[PDB]
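Here is the structure we will look at.
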Amino acid sequence: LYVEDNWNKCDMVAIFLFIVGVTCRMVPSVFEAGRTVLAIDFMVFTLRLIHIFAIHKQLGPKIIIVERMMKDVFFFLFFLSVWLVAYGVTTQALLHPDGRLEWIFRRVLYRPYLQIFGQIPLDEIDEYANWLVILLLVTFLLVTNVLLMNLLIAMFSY
Amino acid sequence: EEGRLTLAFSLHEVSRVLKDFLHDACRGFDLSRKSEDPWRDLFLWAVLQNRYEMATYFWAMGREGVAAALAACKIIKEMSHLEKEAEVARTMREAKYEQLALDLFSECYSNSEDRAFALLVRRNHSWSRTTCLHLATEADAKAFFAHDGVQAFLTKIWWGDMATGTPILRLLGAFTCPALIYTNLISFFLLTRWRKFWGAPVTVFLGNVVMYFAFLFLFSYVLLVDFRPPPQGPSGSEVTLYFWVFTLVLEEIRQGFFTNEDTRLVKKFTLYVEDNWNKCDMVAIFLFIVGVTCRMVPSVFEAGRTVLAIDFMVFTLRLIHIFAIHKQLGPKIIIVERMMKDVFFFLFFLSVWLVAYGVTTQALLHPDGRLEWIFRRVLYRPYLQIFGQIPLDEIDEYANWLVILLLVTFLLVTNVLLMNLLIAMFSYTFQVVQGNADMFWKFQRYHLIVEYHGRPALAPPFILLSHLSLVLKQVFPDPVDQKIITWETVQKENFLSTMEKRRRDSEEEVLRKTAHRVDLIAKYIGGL
Amino acid sequence: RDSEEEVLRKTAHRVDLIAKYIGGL
């Protein structure tokens with residue numbers, strides 16, 4: 001019944017991460033790995049702090065509302081991310097005929113954080129006329145991702 | 001008239017009206033012999049003429065009440081879609097031959113919950129051997145498929161073995177574990193146990209979805225790095241991806257045309273295309289074959305690359321259907337699909353507004369003969385000014401241009417208001433359409449469950465060998481059903497009796513009865 | 001007891017009783 005909680009599991013995984021990191025901290029060869037594990041342990045510790053709303057009448061139930069929404073939010077966000085990655089694959093395999101896996105992955109990540117955050121690199125997204133029509137169709141399709149975000153927030157509020 | 005033109009009424013014309021209506025009543029109707037199952041005959045005779053009271057009466061003495069109430073729903077729905085005087089049509093359509101079957105099945109399922117599931121799969125004796133589900137799907141009985149009893153049936157046929165109890169975690173984890181491990185994990189010569197544990201629908205679902213992901217990633221990498229010169233063209237990509245997509249199309253056609261029976265080919269073809277997602281697969285295969293034909297033309301190399309790279313987009317957009325079975329997420333898809341029809345139009349007009357703004361700005365501030373320059377600048381401003389980039393070096397310059405830039409910044413808040421209107425109507429339509437979403441999802445789940453029941457366990461690659469085995473195989477009880485019939489009748493009359501008791505105990509009847517008795521006793525006492 | 005359904009049923013039954021009695025006469 002101790003483990004039957006969800007937050008007791010939070011504390012358990014937190015202590016596990018911290019002890020793994022403190023064991024890595026004794027290995028001079030894995031110095032950076034220990035630093036990484038402690039710096040994620042800190043994140044789980046500071047995420048533990050959420051329970052202090054439980055006693056506040058005004059704010060308290062908002063936490064459990066969010067927790068209820070989170071179960072569907074994770075799945076829907078995962079699929080939306082798969083859609084975004086598919087869009088990235090289409091763009092990369094069409095416009096730019098990048099053998100470095102680092103190049104492909106980092107460009108797909110940057111376009112998710114530049115084109116979806118307000119950066120249209122016309123120097124790399126607009127170039128002979130077939131590529132222009134392709135860029136047109138991509139800008140055309142982006143409104144579907146906007147609709148997907150609208151669906152997300154609508155179901156979230158419902 | 002048509003029958004005599006080919007080469008007053010007997011029963012042949014009647015039989016033909018009915019067979020034209022349903023084709024489930026194909027037997028149909030010697031003017032002397034005593035009729036067989038006459039109460040049905042009277043049900044029909046009184047439901048064709050749209051007579052209600054005599055119809056439900058004649059029904060309340062017949063054998064079945066989820067076979068016949070659904071056939072009568074279909075018949076009156078068709079006739080109401082065939083009426084001329086719209087008053088008669090609106091009268092017919094408001095007859096409710098559906099609530100009767102839904103009610104009889106509710107009361108027939110609460111009482112046993114395991115005989116009901118022999119009622120559905122049953123081969124009805126009086127209506128020429130067609131299951132209650134056939135009749136229920138012809139009538140488009142959305143209000144019947146949404147019935148909790150039928151939903152539990154669809155579940156127990158979805159899983160198949162250890163039906164209600166198989167958590168998704170242990171289910172997915174059972175991938176590699178052997179027979180006895182499954183026995184210790186999920187309930188259910190041991191080769192037959194492995195068959196009964198990996199022939200069920202849900203295992204076919206997961207197997208085919210895993211093979212689908214593997215197909216998409218193989219196709220991605222072979223569209224990315226397997227474009228060797230047109231001398232070889234698609235070298236490693238072509239063989240694999242072509243084999244896969246070919247067997248996939250073969251699976252689609254087979255499952256489309258070789259599943260139910262050997263009915264009319266044009267009808268099956270038209271109802272295959274009558275979907276929206278069958279059209280998705282059709283246009284996908286068309287795009288892929290166009291691209292693979294372009295891939296043989298060394299002059300249009302880039303065009304083939306483009307067509308394949310759009311084909312990939314339509315393939316990966318096909319993946320959306322796998323939410324249909326998830327209760328929590330399922331109906332969100334159809335909510336979005338409902339909103340999309342208005343979303344497309346409203347977004348198109350908003351885009352026209354944005355382009356008009358771009359034209360005003362370009363024709364005012366910058367007096368660009370290159371069409372490329374104009375179009376690309378209008379596109380960039382839609383992705384820079386509406387995304388957070390105000391180029392003051394090109395939007396601010398002598399004072400008239402300054403006032404113009406001021407007015408443009410002033411007007412931008414109207415586009416902000418337009419976006420607010422968009423999201424507001426978007427959120428409203430969701431609550432507006434949240435009603436029928438559950439019923440539509442239930443219908444979709446039925447179609448999906450029977451679909452995945454139909455197919456074998458092999459994947460699209462192994463679907464070749466599966467269909468090979470299929471073509472190879474193509475190359476080479478009265479007492480208990482009588483018991484179920486009697487039980488059906490007993491439950492029908494139970495339902496009728498309790499409905500009549502509840503109608504008697506209605507307080508309107510009580511008040512009218514006591515008022516009439518008060519009037520009688522008052523007249524009597526006034527007589528004295 | 002004060003439920004109006006019980007009140008209505010009680011008064012209807014009493015009306016039926018008195019009606020049967022007065023019809024007997």
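We did not get these values from a lab; they are worked out from the coordinates using the rules stated. Heads up, the Cβs are rebuilt from the backbone with ideal geometry, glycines too, and the neighbour counts pull from every protein chain shown.
Data table
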| item | result |
| --- | --- |
| Cα-centre dipole for the protein assembly as shown with unit charges at Cβ (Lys and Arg positive, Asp and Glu negative), debye to 20 | 1460 debye |
| The stretch A:65-121 versus the stretch B:441-455: alpha-carbon centroid distance in Å | 32 Å |
| Net charge of neighbours whose Cβ lies under 12 Å from the Cβ of B:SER110, counting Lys and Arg as +1 and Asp and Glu as -1 | -4 |
| Sites A:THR139 and A:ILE50 - FRET efficiency at Förster radius 35 Å, r taken between beta-carbons, to 0.05 | 0.30 |
| Per-residue Cβ neighbour rank within 10 angstrom, fewest leading, B:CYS177, B:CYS73 | B:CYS177, B:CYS73 |
| Partners for B:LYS341 among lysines (Cα-Cα distance below 16 Å; same-chain residues under 8 apart left out) | B:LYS332 |
| Distance between modelled label sites at B:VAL490 and B:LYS473, nm, 7 Å Cα→Cβ extension | 3.9 nm |
| Neighbourhood charge, 14 Å Cβ-Cβ cut-off, centred on A:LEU38 and excluding it, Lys, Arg +1 and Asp, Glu -1 | 0 |
| Sorted by Cβ density within 10 Å, fewest first, the residues B:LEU458, B:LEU271 | B:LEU271, B:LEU458 |
| Cβ-based charge dipole, the stretch B:460-528, positive-most Cα from B:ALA522, B:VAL490, B:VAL475 | B:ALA522 |
| Shape call, the stretch B:365-474: gyration tensor on alpha carbons, a/c limit 1.5 | oblate |
| Quotient of C-alpha Rg and 2.2 N^0.38 Å, computed over the stretch B:53-112 | 1.25 |
| B:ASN278 paired with B:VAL210, simple spin-label distance in nm, labels 7 Å along Cα-to-beta-carbon | 3.1 nm |
| Prolate/oblate/rounded call for the stretch B:114-257, Cα gyration tensor, a/c under 1.5 rounded | oblate |
| Relative contact order (%) - criterion: Cα under 8 Å, at least six apart; region: the stretch B:234-313 | 20 percent |
| Residues B:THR176, B:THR192, B:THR514, B:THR183 arranged by fewest to most Cβ contacts within 10 Å | B:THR176, B:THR192, B:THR183, B:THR514 |
| Cα shape, the stretch A:10-158, gyration tensor, a/c 1.5 rule | oblate |
| Dipole magnitude (debye, nearest 20) for chain A, charges at Cβ of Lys, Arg, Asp, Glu | 460 debye |
| Chain B, helix-only ellipticity at 222 nm - DSSP H runs n ≥ 4, -39,500 (n - 2.57), divided by all residues, nearest 500 | -23000 deg cm²/dmol |
| The protein assembly as shown: Cα Rg divided by the 2.2 N^0.38 Å rule of thumb | 1.29 |
| Neighbour net charge for B:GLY199 - beta-carbon separation under 13 angstrom, K R +1, D E -1 | +3 |
| Theoretical gain in end-to-end length, B:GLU87 to B:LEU185 [0.36 nm per residue, Cα-Cα removed] | 29.1 nm |
| Rounded Å value of the spacing that divides the Cα centres of the stretch B:270-325 and the stretch B:470-492 | 43 Å |
| FRET efficiency estimate (nearest 0.05) - Cβ-Cβ, B:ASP342 to A:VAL73, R0 41 angstrom | 0.95 |
| Principal axis dimensions, the stretch B:159-209 - Cα atoms, whole angstrom, descending | 28, 20, 18 |
| Förster radius 30 Å - calculated FRET efficiency between B:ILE322 and A:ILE40, Cβ distance, rounded to 0.05 | 0.40 |
| Zone of B:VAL403's modelled label, taken as backbone nitrogen in the stretch B:355-369 under 20 Å from a point 7 Å along Cα→Cβ | B:360-367 |
